[PDB]
Every structure is written in structure tokens, then in C-alpha cells.
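*Asks:* Got a structure for you, written out below as C-alpha cells; questions coming shortly.
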Amino acid sequence: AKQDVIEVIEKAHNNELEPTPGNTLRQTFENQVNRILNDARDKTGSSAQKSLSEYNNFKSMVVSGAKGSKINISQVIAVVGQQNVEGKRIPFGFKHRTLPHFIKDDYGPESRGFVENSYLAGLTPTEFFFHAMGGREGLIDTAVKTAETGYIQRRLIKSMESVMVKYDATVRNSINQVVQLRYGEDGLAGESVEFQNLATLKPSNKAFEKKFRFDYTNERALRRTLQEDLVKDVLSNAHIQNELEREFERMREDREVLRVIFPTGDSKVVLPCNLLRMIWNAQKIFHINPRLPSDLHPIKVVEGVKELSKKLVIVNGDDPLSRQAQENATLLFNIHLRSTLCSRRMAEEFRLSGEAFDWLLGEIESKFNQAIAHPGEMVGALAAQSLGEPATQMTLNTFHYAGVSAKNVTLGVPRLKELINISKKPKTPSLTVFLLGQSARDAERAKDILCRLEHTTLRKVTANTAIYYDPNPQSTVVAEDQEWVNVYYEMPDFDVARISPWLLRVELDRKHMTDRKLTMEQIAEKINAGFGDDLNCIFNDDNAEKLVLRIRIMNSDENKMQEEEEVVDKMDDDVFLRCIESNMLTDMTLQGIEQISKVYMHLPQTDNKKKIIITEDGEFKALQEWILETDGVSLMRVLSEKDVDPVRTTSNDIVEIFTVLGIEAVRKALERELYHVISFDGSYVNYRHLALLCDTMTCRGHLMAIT
Amino acid sequence: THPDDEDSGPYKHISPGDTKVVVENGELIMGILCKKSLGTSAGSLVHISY
Amino acid sequence: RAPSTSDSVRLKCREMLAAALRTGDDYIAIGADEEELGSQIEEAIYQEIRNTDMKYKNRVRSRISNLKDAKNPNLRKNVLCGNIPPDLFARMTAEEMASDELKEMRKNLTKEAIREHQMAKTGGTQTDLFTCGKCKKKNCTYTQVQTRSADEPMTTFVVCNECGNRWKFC
Amino acid sequence: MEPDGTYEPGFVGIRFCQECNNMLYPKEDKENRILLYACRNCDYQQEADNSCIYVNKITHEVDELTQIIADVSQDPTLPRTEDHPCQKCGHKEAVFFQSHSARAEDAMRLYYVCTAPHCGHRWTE
Amino acid sequence: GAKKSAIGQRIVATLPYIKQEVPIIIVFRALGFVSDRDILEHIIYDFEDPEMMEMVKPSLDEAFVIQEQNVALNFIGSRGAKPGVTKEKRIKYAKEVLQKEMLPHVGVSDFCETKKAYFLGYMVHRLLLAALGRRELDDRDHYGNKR
Amino acid sequence: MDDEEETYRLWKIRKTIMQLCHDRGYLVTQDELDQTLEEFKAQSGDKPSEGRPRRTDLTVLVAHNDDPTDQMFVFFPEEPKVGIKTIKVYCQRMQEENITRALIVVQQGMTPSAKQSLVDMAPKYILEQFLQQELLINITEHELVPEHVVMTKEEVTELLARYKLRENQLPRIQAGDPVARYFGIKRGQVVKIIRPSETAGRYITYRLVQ
Ligand SMILES: [Zn+2]
Ligand SMILES: [Zn+2]
Ligand SMILES: [Zn+2]
């Protein structure tokens with residue numbers, strides 16, 4: 001690996017490396033050596049874990065997960081690896097060097113902070129000091145995080161403290177305003193929930209039909225007398241056929257609503273009881289043999305689930321609004337409960353008897369009824385500590401960005417502080433534009449929208465500027481342009497006697513000009529529109545080998561006859577031409593018009609979980625594509641541009657979301673942003689707590705930062 | 001646990017491999033206990049016991 | 001026949017288009033009338049623009065600029081011999097010109113570099129270790145954060161970006 | 001003109017008054033149709049030698065073989081190279097280095113300085 | 001606005017808690033070097049490079065309003081001293097500050113006013129090098145620059 | 001050149017106001033809802049004599065919901081910045097027509113005296129004001145935004161009775177909230193917010209307008 005780094009350094013000094021997208025050549029180089037040294041550590045790290053014998057007590061502590069980990073084994077047995085500080089290799093402290101022990105500009109691994117040794121062989125002197133540098137960043141990080149998080153937590157508790165669930169189970173604060181109609185939108189307790197799988201998100205419509213449908217045609221497989229017992233006698237029933245056919249009709253409709261609720265296609269939801277483990281407790285105790293024939297009537301199952309559905313009271317009432325509240329609030333548990341306890345599912349898979357099923361119904365009823373949150377509780381305070389706690393956990397400014405772009409979407413506590421304050425001017429605002437279908441599978445369409453979205457000022461497009469003295473173009477000092485002057489004899493042939501003899505000539509960079517796909521008439525029309533008709537412009541052909549633009553300034557002709565004393569106080573036009581030259585650059589906003597410009601990068605996403613679509617088979621599918629990620633805020637206008645998605649275009653900046661999309665859209669975006677920051681550690685803070693947090697800040701339309 | 005061959009070993013017919021832990025009717029049938037069985041895990045023995 | 005005209009500006013624009021067609025004397029060896037063709041071109045442009053605006057004037061000049069290119073006399077020769085009809089010459093929709101050659105490559109090369117600006121941006125980490133228990137792919141990333149720790153020891157976090165799935169080592 | 005040209009018109013930012021020793025400024029002569037340079041604090045005036053009065057950016061004055069003095073050849077901290085041939089003198093051994101500037105431009109490319117008193121020659125590769 | 005605009009050349013100087021910033025060329029004129037050719041020489045005595053010289057050029061143009069040392073001293077006084085009446089004490093007060101409080105380490109007498117001017121100029125030069133990027137910024141922690 | 005975009009925009013804003021008219025329930029033609037860009041271009045026969053007062057012609061009436069109580073009227077002023085004078089004539093126009101509500105779409109901005117005058121129009125006919133750029137795209141289609149439905153005063157009465165609340169104790173929403181503006185609701189009215197929920201699947205809220 002060291003020879004391979006010297007090899008990459010040899011390629012780099014030759015000037016021929018060919019840089020990586022969106023990066024300077026040093027970054028391409030730095031990204032590459034960093035890839036090699038990391039791969040070097042991981043290869044020998046994987047070698048040492050293999051080489052360990054069965055009896056290594058060190059491996060026995062790592063494997064139980066008691067204390068310590070794989071990386072420690074890597075460092076003690078193998079090789080410690082590249083140290084870094086602020087996410088980069090050890091800086092050049094002295095003139096172009098880390099220590100006087102090295103040569104100036106020495107990008108090798110060791111010379112800039114790679115530790116070749118293991119803790120067991122001991123570190124060499126330079127490695128020790130670069131290791132002592134890696135030691136500080138962690139000690140300092142510790143002292144800061146303790147102060148900041150102590151403050152963030154106190155402020156948060158101090159807001160929410162008076163929120164609490166009342167005895168009619170609506171959650172209200174001190175002045176008795178309602179926060180939620182039901183706590184956490186279902187009225188369940190957070191300590192009684194569990195992760196569960198939703199059966200009905202099963203891919204393929206045909207596959208769902210096969211596994212769930214209770215057939216009546218009976219395939220010659222001992223039908224009616226296989227699995228089920230006396231049920232062979234109710235095969236002739238019309239009513240039972242129509243009622244189950246009605247059951248399956250609800251399951252297709254539930255499957256359809258459930259696909260709308262979870263568009264991403266995750267089956268993991270928090271719900272009470274865990275119906276599947278209960279069926280197992282039920283099977284295990286009654287001594288149910290799954291090969292022996294069944295002893296259960298299907299209608300007993302279907303109606304029993306209806307009755308249980310009615311017993312699971314979460315909203316007491318009787319009028320149409322209470323029934324709708326009861327029905328919608330425990331929609332997600334109810335569709336889950338029908339899916340688990342399905343007649344075909346029950347009969348084939350779980351094989352439960354009648355006595356076992358009646359008992360099972362009775363426990364779920366008792367556990368669900370026990371799960372409903374206890375009014376009186378302090379819910380507001382409970383939530384602040386569950387939010388406060390992950391701010392305690394990890395990362396202040398450490399870089400682990402793997403989204404192939406800018407560092408942007410600041411990670412960790414400083415980002416949390418921004419959402420918490422609702423900063424009118426975030427340190428790093430962002431915005432994600434998704435692109436319309438056709439323009440998303442093609443690069444060239446993507447390039448054309450990208451250029452329209454970018455914001456570039458003529459100063460960036462200009463290679464160079466010059467100002468010349470040339471009263472007579474017909475004998476211009478710039479003899480090569482002379483061909484153009486003859487080309488523009490008919491270009492207003494009369495007011496050449498009147499226009500100022502001062503000349504501005506601009507030359508444009510050829511690659512950069514082409515990249516924006518601009519044409520000269522666009523520039524001329526832009527500059528004409530900005531300064532006015534007074535600014536007399538001419539330009540050469542876009543296909544000449546030296547792409548050039550020539551600018552003069554025309555007056556008002558008739559009235560300028562030295563009336564009083566020229567109401568300009570006799571400003572020389574050259575001096576004025578600099579002010580035109582200055583402002584022409586600083587002002588001209590072609591394509592993109594405000595604060596975002598072309599800051600772009602363009603990205604291909606195939607890694608993430610984007611563009612999740614439905615297919616006619618019924619199953620979900622991945623749809624890779626081009627998406628545009630910007631580093632700026634202008635959501636109101638940027639939505640209205642063509643082929644930009646008016647649906648999934650989003651921004652991390654909650655103040656701009658407020659302006660455009662109102663208070664409810666803030667409530668969601670802020671939740672996603674708070675969820676997303678907690679999710680970086682992925683300790684998974686329970687959602688009900690963040691809903692409560694968002695509701696308190698968005699409670700009264702106007703944004704109420706907790707400041 | 002580290003054990004076996006994630007994603008394709010249990011499908012390699014279940015030569016019990018002893019790694020995976022199974023408990024039934026209050027008796028430990030097979031496997032080895034670790035932090036993922038006993039720790040602060042979402043599905044640890046301790047959570048189920050409560 | 002060439003369409004009738006009376007405007008003095010239109011007449012001089014034809015004369016200039018004709019004069020541009022006179023460049024390099026190729027018109028002699030072919031023997032094609034540059035004055036009838038320039039008039040037909042100009043009529044076709046005017047049929048597009050319908051006046052003698054700056055935009056028409058810019059188009060006349062760019063038509064002139066195409067005729068006067070020193071590195072591509074073959075474009076003119078193609079117009080002179082009728083390989084390009086005047087109605088086609090009148091419109092620059094059909095691209096711009098690609099027989100001086102190197103500049104077309106360069107514009108292609110520009111089209112490469114902005115496409116180079118699309119390539120990944122900067123792909124990441126790529127440790128490639130454990131297999132995911134969801135979408136059955138090994139393309140995975142790992143996170144190393146909180147060294148020593150308070151009481152949640154530097155455990156190893158592994159995430160499957162392929163479907164946003166995260167699990168721990170052990 | 002020709003593509004293989006250059007743009008060093010001689011930006012004469014210095015041409016002080018022969019009398020009061022201060023800077024000359026442009027000003028028009030409409031009578032003679034010629035640019036002239038005059039001191040503001042006095043009548044003295046003289047015609048210009050160029051039609052230019054100001055330029056900006058070149059963007060790539062890559063600035064590769066200027067400012068850096070040959071004597072940098074003496075510095076013990078710079079890497080001596082066994083790589084041969086001063087393209088001027090028939091002698092090997094050169095000190096080399098890179099950028100050493102904040103307008104780093106991204107110039108990763110190496111600059112080599114001959115070290116024997118016969119050249120002081122400064123090339124690039 | 002429509003002045004020339006360009007703010008990124010306007011080099012000024014804070015003198016020790018003077019209630020107002022002063023343009024650097026005025027300070028040079030207060031030292032007595034009224035000739036611009038001389039001021040330019042004191043900033044950079046290697047005028048083979050047009051770019052840096054052009055860079056200072058608008059600040060010389062900005063200075064143009066005054067070209068006498070006495071007036072420049074009265075100017076700094078008004079830019080320093082609370083409002084009053086006579087000009088002459090203001091010139092003297094301004095003179096002792098310019099003499100004693102301006103880089104004392106280079107001298108505290110009349111007879112070394114010229115040498116001080118040289119040090120100011122290397123300092124402006126030291127500044128211009130960083131703005132062109134010819135020379136890396138100083139490090140805020142380099143122990144070599146601590147006592 | 002930009003003129004050619006305009007047609008897409010004029011098509012595009014007319015379509016958004018149609019959906020807006022349709023959500024309020026003013027019964028627009030399904031075909032007007034269905035109207036494509038190509039048809040609209042066909043409808044004003046694009047390309048001739050630009051800058052022509054297409055928008056004065058684009059001015060449309062919309063009649064309905066459930067009870068034909070006159071109509072709602074939609075006006076696109078030709079002027080980039082509309083002043084009180086254009087409003088006064090427009091007022092003469094709304095009064096002659098005896099219409100009941102007027103929506104004006106201004107291309108850049110309205111003079112503050114006109115907004116004032118719009119304020120003083122409040123007792124009589126109601127005037128609603130949209131900035132052309134925010135109207136140019138249907139915000140209510142966006143994924144962040146849950147389904148909003150306005151309730152009648154009777155339904156609000158039953159709601160407060162059945163939960164036993166005071167008007168004051170409900171969650172509030174801005175009178176200038178882009179969504180509140182979209183429906184054009186006034187103070188005291190309640191909006192029913194219907195949301196997808198990770199844990200409820202569906203969750204229903206109400207917000208009293210403040
Ligand atoms: Zn996966
Ligand atoms: Zn003079
Ligand atoms: Zn030599």
C-alpha cells in the first residue's frame with residue numbers, strides 16, 4: 001500500500017491524474033490516498049480478526065459485546081492507520097510541513113500522519129506526536145459538548161413542562177389549549193409498544209392473493225378434510241362464502257390505504273401487543289400440534305375479530321364524529337389485527353384451536369386496553385428528556401458525510417440548535433430539487449435544466465476585460481476586430497458620429513461560455529435590458545476562435561447640446577465605463593436570478609430509497625435517476641421552473657417552508673428534520689415524542705421558536 | 001451475533017449451526033447468549049421478561 | 001425567380017450576403033449565382049422575421065459570419081453547390097457548423113466536462129463488508145463515533161445505504 | 001492576427017509627471033482625436049503610447065516562472081533530486097517544489113530549480 | 001454607488017484609538033512625503049510589477065484631495081480630535097501623536113520620522129502580498145509568534 | 001423570447017386557479033380542468049401580435065358549488081404594478097356586474113393605498129389578492145401539505161359541543177397562511193386538517209383561524 005501511495009504521488013506530479021467530479025485536483029488526490037490508506041487498514045484489520053485463535057480472551061470480550069470492539073483488535077494487533085484532525089490529515093503547521101523531521105511538501109502516508117505501527121509494537125516518535133494530536137480533538141470535544149447539551153436540554157424542558165394528558169385524554173397545556181386530540185395520535189403508552197411487521201405490504205398482487213385467499217374450489221389435496229376438521233361440512237354454505245369474500249374485499253381496500261400511508265415501503269411500525277408472539281404463546285401452552293388436523297370454525301374467527309375490534313375502545317362516544325374518531329385513530333392497529341388473525345392465515349400457519357383462539361382474544365383485549373396512556377401524566381416533560389438525551393450522544397463537528405457531495409446538511413448538535421432556534425439565517429441552508437421523469441433518465445435534459453437553475457454572474461463568465469481609446473472604429477487599433485467593424489458599418493450607421501470614443505472590450509472563456517449553453521444575442525439582450533438603449537452593444541460570432549464582446553455607450557443625441565453644464569457634473573466616460581464595467585459584472589443575472597446561482601452539484605441516486613414506485617404486478621420497485629441538490633434558498637420561485645417536481649421538491653430550511661407552504665407543512669418538515677438529525681446516530685427516538693415537540697412549536701400558526 | 005454467514009447461511013439448510021438462539025416454553029433450546037440476547041436490545045430476553 | 005423588393009436596407013443586406021458569397025472565389029469554379037441565392041436566403045430570413053429588426057440584422061450577420069469563416073470554406077461551398085437549401089441556411093436550428101472540426105470536438109469536450117460534472121460527484125468510503133438482510137446487497141458503510149464514550153462504548157455502527165438499514169456488529 | 005498570440009500589451013500603470021512627480025490620468029482631446037495623459041495638479045501633458053488604460057483578469061497568468069528566486073536552491077529543507085538535466089546546463093541535481101501560494105490555482109505540477117552557479121535557471125516539467 | 005464602486009482596494013489605517021479611520025496615503029503625507037512617486041516607492045521599491053501598483057492606484061486617487069503635510073495633519077486632527085477652533089494646535093497635537101504613538105518601537109523623535117515611514121510601507125506591502133495571494137496568511141497559533 | 005414562456009405561464013396560472021375554483025367547489029367544467037397546454041395555445045391561437053390583451057380576455061367567471069348564489073369573478077390586470085386607479089375602474093366593473101367576490105392576480109405588486117382601499121372594500125364585495133409567482137404553481141399538490149377541508153359554522157358548533165371546548169382553546173392558523181389564503185377563509189372559521197400518520201395511519205385535527 002505504501003508503494004501504491006508513492007505511485008499515486010508519482011502520477012500526480014506528472015500532471016495527468018484527471019480529477020474527480022466537483023473536486024479540485026488536490027481533493028481528487030487527497031480523496032484517493034485516503035481511500036488507499038483506509039482500505040489498507042481494513043484489509044489488515046480483517047486479516048488480524050481471522051488470525052485470532054479461539055482462545056483469545058480479547059476476542060471473547062469483543063464477541064459478547066461486553067466492552068470494546070473490532071477496531072481495537074485492529075489497532076493492538078495490526079496497524080493503527082491514518083490519524084486525522086478536523087476530518088483531514090495532519091495539517092502543515094510549519095512552512096508546508098508537519099514537523100521539522102520531514103521534507104517540505106511530502107504527501108507520503110507517514111510524513112503526514114499515518115501510524116504504521118500497532119499499540120503492541122509501540123509508536124515511533126513522529127507517530128506518537130501525530131497521535132497526541134489525534135488525542136486532543138476528543139478531549140476538547142468532551143468539554144464543549146457537556147456545556148452545550150446541558151443548555152439545550154434545560155431550555156427544551158422549560159417549554160414543554162406544563163403539557164399533560166387530561167382526563168378526557170386530549171393533551172393540553174397550562175392555559176388549557178389543546179395540543180393533540182389524542183396523545184401521540186392513538187392514545188397509547190410509549191413503554192408498551194413494540195416493533196412489528198405488516199403482513200399486507202407483501203410484494204406481488206398474485207403472491208398476496210395466493211397466500212391470503214381462502215379457496216373454495218378445493219384443489220384435490222384432501223381439501224376440507226386436510227388441516228380443518230368438520231369444516232368440510234360448511235363447504236356447501238353460500239353465506240359463509242359471501243362473508244369471507246367480503247373479508248377479502250376489505251383486505252384489498254386496506255392493502256390499498258396502507259400503500260398510501262407508507263409510500264416508502266417499510267413494514268416496521270410501533271404497535272402494541274405483538275400479535276405474532278402471542279400466537280406462539282398460545283400454540284406452545286395448549287400443546288398444539290401443527291400436523292394434526294384443526295378444530296376451529298372460520299366464522300368464529302371472522303366475527304370474533306369484529307367483536308374484538310369493537311372492544312378495543314380508544315375513543316368513547318356514540319355520535320358520528322366519535323365513531324369516525326374511534327375508527328380512524330386505531331386504523332393501523334386494526335388493519336394489522338385483521339391481517340394477523342386472517343381465516344386463511346389462522347387455519348394454515350398458526351393452526352390454533354377454538355379454546356386457544358378464545359383465550360388469545362382475551363389477552364390481546366387485556367393488553368391493548370392496558371396499553372392506553374394514563375391521563376394525569378406529564379407527557380410534555382417526558383418528551384423533553386427523550387429529546388434531550390440524544391443531544392448528549394455523540395458528534396459535535398465530526399465528518400461522516402457519505403452523500404457524495406458537499407458537507408451540507410450539517411450533522412449533529414449545531415444542526416439541532418438551528419431547528420431548535422428557527423434561525424432566520426442558517427449557517428448552511430439547502431434545497432433538494434427532484435426532476436421530472438424524462439429529464440431524470442437523461443443527462444442532456446438534466447444539463448439544460450441545471451444550467452437554467454444555476455445562478456451565474458457575468459463576472460464568472462468573463463475571461464478578461466479591457467478599456468480602449470478608439471474614436472474611429474474604421475481604423476481601430478485592434479486590427480483583428482477590424483473585420484468585425486466592416487461587418488458593423490450598417491449597425492446604426494449614423495450614430496457612430498455621436499457615440500463616445502471610449503471602448504470596452506471583453507473576452508469570454510470558451511469552455512465556461514459553452515457550458516452555460518449561452519448565445520451572444522442572449523447576452524446582448526440582457527445587457528441592453530439592464531443598462532438601456534444608451535448602452536450600444538456589438539458582438540462577434542460565437543464560432544470565432546477568440547470569442548469576444550465589444551461595448552460602447554451612446555448618449556441622448558438631441559438634448560445634449562451643452563444646455564446648462566451637463567447634469568452629470570462632467571463625468572469622464574472612461575471613468576463611467578469602469579462603473580459600467582463594475583456594475584455590468586456585479587449585476588447581470590442571466591438564467592438564475594437570485595441567491596443560489598449554479599452552486600449546484602448534479603447527483604445520481606441509486607443507493608438511497610428514492611423514486612419508490614408502484615408496479616402493475618402490485619409490488620414496489622426502485623427507480624434510479626438524476627436529482628439536483630442545491631446549496632441555497634429560493635423555494636418559492638424554484639418550484640415554478642419547468643420540469644422541476646412540484647411534489648417532492650424539498651428544503652431543509654424551515655423558515656422558507658413556512659413562507660411558501662404554510663404552518664402544517666412546517667410541522668412535517670421540522671419533524672423530518674428533527675427525525676433526520678436523531679437518525680444519524682440511529683438510536684431511534686420514539687416518534688410520539690417528536691410529534692409532541694412539533695405540535696408545541698407549530699401550535700399557533702406563527703412559528704414559536706423555543707428561544 | 002458475528003457467527004455464521006449472514007444473508008445466506010441459515011438458508012444453507014439450517015445445519016443448526018448452533019449460532020442462532022431459540023428459547024421455547026421457558027427453556028433455552030440452542031444458541032449462545034450475548035449482548036444482543038441479554039442487553040438493552042429491543043427484543044432481548046430481558047425485555048420479553050418484563 | 002427572386003422575390004421582388006424595394007427597401008434600400010434589404011437591398012444592401014442582399015449585397016453583403018452576396019459579397020460574403022464572393023469570398024475565396026469558389027462561386028466562380030462552381031459557377032452558381034451568388035446574387036439570386038443571397039436574395040432567396042434573405043427572403044427566407046425575412047419570411048421568418050417579417051421586419052428588419054436588430055434580431056434579423058444579427059441573423060444576417062451570423063449568416064455572413066458563417067460565409068466568412070476562414071477555417072471552413074466547405075460550408076460556403078456546400079451552400080454554393082446546393083447541398084444546403086436556402087430555407088435550411090436561413091435557420092440555425094439545425095445546429096451550427098462542424099467542418100473546421102476541432103471546435104466541434106471542443107464543444108463535444110465541453111459536453112464531456114459538464115457530463116464529467118455529473119459522474120458521482122464523489123463516491124464514498126466503499127468499505128464493502130457485511131451483507132444486508134433486506135435487499136441482499138453487500139454495498140455498505142460503517143460509522144465510527146464517540147471514542148471511549150461515557151457508558152455507550154465505541155460500538156460499531158453499520159448502515160446499508162442501499163435501503164437505509166442500520167444494525168450493530170456483535 | 002493569429003490564435004498563437006499573446007496578450008502582454010505592456011500595462012503601463014506608471015508614468016508620473018515630469019515636474020511635480022505625480023501620477024498621470026487619461027483625458028480626452030476631441031480636437032486632435034487622441035488620448036492624452038495629464039497631471040491633475042498642473043497643466044503638464046503628454047500623449048499616450050497605447051490605446052489601453054486598464055485591464056483586468058487574465059485568469060491564467062499561471063505565473064509559473066516568476067517571483068521565485070534562483071537562490072531558493074540553497075535551502076536545506078527542499079528535496080534535492082537525483083533526476084537529471086538542467087535543460088540549460090549539462091549538470092544534474094535540482095531542488096524542486098510546488099505552488100507555495102494561496103491562489104494555489106490547483107497547480108499540483110512541480111517546479112524545478114537548477115542549483116549549480118552556471119544557470120540559476122528555472123523551468124517546469 | 002456610482003463612484004467607481006470597487007471597495008476591495010480602499011486600504012485604510014486605524015491609529016491607536018483614533019475616533020475615526022484614516023486612509024493610509026494621508027498618513028504618508030502627514031509624515032511629509034507629498035510626492036506620489038515617493039509614496040509608491042516607500043510602499044514598493046520594486047515597481048517592475050504593474051498589477052500591485054494598479055491595486056494601490058485607487059487609494060492614491062482617493063488621497064488626491066490633499067497634498068500638503070500641514071493640511072493632512074489638520075485633517076487627521078479633525079478625524080481624531082473633538083471639535084474646537086484653531087488649526088494650529090490641532091496640527092501640533094496631530095504631529096506628536098504621529099511622532100510618538102505611531103510605531104514607537106522604530107523611534108520617538110523627529111529625526112527618525114523618515115525611517116518610520118519605511119516601516120509603514122513594508123507593512124502595507126506585507127498586507128498587499130496577502131491580498132494578491134503571493135504570501136500565505138499568518139497562523140493565529142504558531143508558537144513562533146508567541147512570548 | 002421570454003414572451004414565449006409567458007404562454008406556458010398564462011396557461012399554467014389559469015389552470016391553478018381552476019383547481020382553486022374547483023376545490024372551493026365553484027363547479028368549473030371538467031374539460032377546463034382537463035384543458036391541455038396545446039389546446040390553450042390553440043384557444044388563443046398563439047404567435048400573433050404579442051403583448052396583446054389576452055389577459056383581459058382571459059378574465060373569467062365561475063359559477064357554483066351547491067347553491068347558485070351568484071358567482072365568483074376572476075380578473076387578470078394587464079399592468080405590471082396595479083394602482084388604485086385600475087382598481088377603481090375594476091370596482092366600477094364589479095359593481096355593474098353586481099358580482100360578489102373578486103380575485104385579482106397582479107404581475108409584480110400592489111400599491112399600499114390600493115391594499116388599504118382593498119381593506120375598505122371588506123364590508124361590501126370581497127377582494128382577494130395573489131402574488132403571481134406564488135399562484136403560478138399549485139402549492140396544495142405538494143407532498144408536505146395534508147388535505148384541508150373547511151367546515152360550516154354548524155359543523156363547528158357540533159364539534160365544540162361533542163368535545164366540550166371553547167373556540168379560543170383550539171390550535172390556530174394564520175389568516176395569511178398560504179393555505180388559508182388559498183381557500184380565502186376569514187376569522188372564526190375552522191379548517192379540518194386530515195393527515196397521514198405513521199402510528200395512527202390517519203389523524204384528524206382542526207385549526208381555528210386567527
Ligand atoms: Zn439494504
Ligand atoms: Zn503634474
Ligand atoms: Zn543549469
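Here, A, B, ... name the chains of the C-alpha cells in the order displayed, residue numbers run from 1 inside each chain, and ligands are numbered from 1 in the same displayed order.
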Restrict the distance test to only C-alpha atoms, flag each residue of chain A within 6 Å of chain C, and return the flagged residues as number ranges by chain.

*Replies:* A: 21-22, 63, 65, 394, 402, 404-405, 511, 602, 607-609

*Asks:* Kindly compile the residues surrounding ligand 3 within 10 Å, counting only C-alpha atoms and all ligand atoms, and format them as JSON, numbers by chain.

*Replies:* {"D": [85, 86, 87, 88, 89, 90, 91, 92, 93, 94, 113, 114, 115, 116, 117, 118, 119, 120, 121, 122, 123]}

*Asks:* Kindly provide, as a PDB file with C-alpha atoms, in the first residue's frame, all nucleotide and amino acid residues lying within 7 Å of ligand 2, counting only C-alpha atoms and all ligand atoms.

*Replies:*
ATOM      1  CA  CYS D  17       4.531  63.805 -14.212  1.00  0.00           C
ATOM      2  CA  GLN D  18       7.996  65.004 -15.224  1.00  0.00           C
ATOM      3  CA  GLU D  19       7.591  68.069 -12.998  1.00  0.00           C
ATOM      4  CA  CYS D  20       5.561  67.543  -9.803  1.00  0.00           C
ATOM      5  CA  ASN D  21       6.383  63.826  -9.833  1.00  0.00           C
ATOM      6  CA  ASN D  22       2.759  62.657  -9.515  1.00  0.00           C
ATOM      7  CA  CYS D  39      -1.430  65.528 -14.163  1.00  0.00           C
ATOM      8  CA  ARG D  40      -4.390  66.934 -12.266  1.00  0.00           C
ATOM      9  CA  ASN D  41      -2.462  69.390 -10.100  1.00  0.00           C
ATOM     10  CA  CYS D  42      -0.786  71.089 -13.073  1.00  0.00           C
ATOM     11  CA  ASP D  43      -1.002  71.773 -16.802  1.00  0.00           C
ATOM     12  CA  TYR D  44       1.697  69.308 -17.950  1.00  0.00           C
TER      13      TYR D  44
END

*Asks:* Which one of C:85, C:132, C:10, C:138 sits closest to ligand 1 if you count only C-alpha atoms and all ligand atoms?

*Replies:*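 Ranked by minimum distance to ligand 1, first place goes to C:132.
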
*Asks:* Need the shell around residue 2 in chain B: protein/DNA/RNA residues with any atom at most 12 Å away, counting only C-alpha atoms. Skip same-chain ones fewer than 3 positions apart. Format as an MDAnalysis selection string?

*Replies:* (chainID A and resid 49 59:60 62:65 69:70) or (chainID B and resid 5:6 19:20 32 34:36) or (chainID C and resid 130:131 167:170)

*Asks:* Please report the interatomic distance between CA of residue 40 in chain C and CA of residue 60 in chain C in Å with one decimal.

*Replies:*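 Distance reported for this atom pair: 12.6 Å.
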
*Asks:* What does the distance from CA of residue 590 in chain A to CA of residue 462 in chain A come to in Å, to one decimal?

*Replies:*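 These atoms are spaced 13.3 Å apart.
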
*Asks:* Please compute the CA of residue 179 in chain F-CA of residue 432 in chain A distance, one decimal, in Å.

*Replies:*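 CA of residue 432 in chain A lies at a distance of 22.2 Å from CA of residue 179 in chain F.
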
*Asks:* Run DSSP on the backbone of this structure and report the residues of chain B it assigns to alpha helix (DSSP H), as an MDAnalysis selection string.

*Replies:* chainID B and resid 35:38 45:49
